């Protein structure tokens, strides 16, 4: 079986052609700077991905393509399992776009162009929420008016579920220990950033909320913030609710506080003596330390902590700084291991660390491909 995988984000479109059984990748790539002269919209972007495949000597028509898998961030209550795309599903994803305004809209546009180019294949949506569907009620229920919550279906959905799931599975395998025997924390530190607590393979907590706005500090998102700040910006700073949301999603996190377009730039700013960048980094780490401790308490016993996604996989100082000074919680980083140049699943804790600490790279494309099978 062969699958085309599309992850259509606001600014870029990631694609791969994958054989899920073997895991082999026949091609992968990223079309960047959507809105450029060359790639002005998502429709241009998928067409360009097709040109790159062709340029590589890959012709989809000769491949056994059985499905096209898409990342969708929010499906609300109705859609969370891998689902065959139809007009119904697209209508619901559109309805829910305001719950995930940075992700659902370009995902839908990715679907729209893909269904035009490949109208006779099944298109399958794979949802970020799926892994968290069975979160325990005490972890997913906000402490608000119960009638109100249930009336509007307010609960913690959680996101990055395919990464948290994949990484928790792969950490067990790396340790050659049964998934069901392990209590784990997974730290998905990318443009979006989320933590999960996984107890014997089952998600028991995660940091994002009804929407991807809750939790860790992110690239442009605030994460956790006092609800009073929102009320004050509305009441006293005179900002509209939409403008406050926009600020929290797009002019917050490392960018808003630190001035950095992405995490590589931030670390460069810090290296150049920029105090604002250093504060934004320290705020990011302080938040991350708090989620790690919080989730150790949720689990009771913690066997494994794994770092993943762009920052988690590639920035040793984040991993060091997140875990520094936690000998009394059973955690000790091996600095030589942590600093190793490597892209492989790997150990970063010392032999005497009671908690095992890993880097376990995410593979969204493989996860989506496998989730298409059988649907």
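Positions refer to the first chain, counted from 1.
Mean CA B-factor, 178-186 versus 269-277: the higher value falls on 269-277.
As recorded in the PDB entry, 70-78 is the stretch of 70-78 and 285-293 with the greater mean C-alpha temperature factor. In the PDB entry, a CA B factor belonging to the highest third of its chain's modelled residues is recorded for residue 342. Residue 157: CA B factor lies in the lowest third for its chain, per the PDB record. Annotation for residue 301: C-alpha temperature factor in the middle third relative to the rest of the modelled chain, per the entry. Among the modelled residues of the chain, residue 232 sits in the lowest third by CA temperature factor in this PDB entry. Sort the modelled residues of the chain by CA B factor and residue 169 lands in the middle third.
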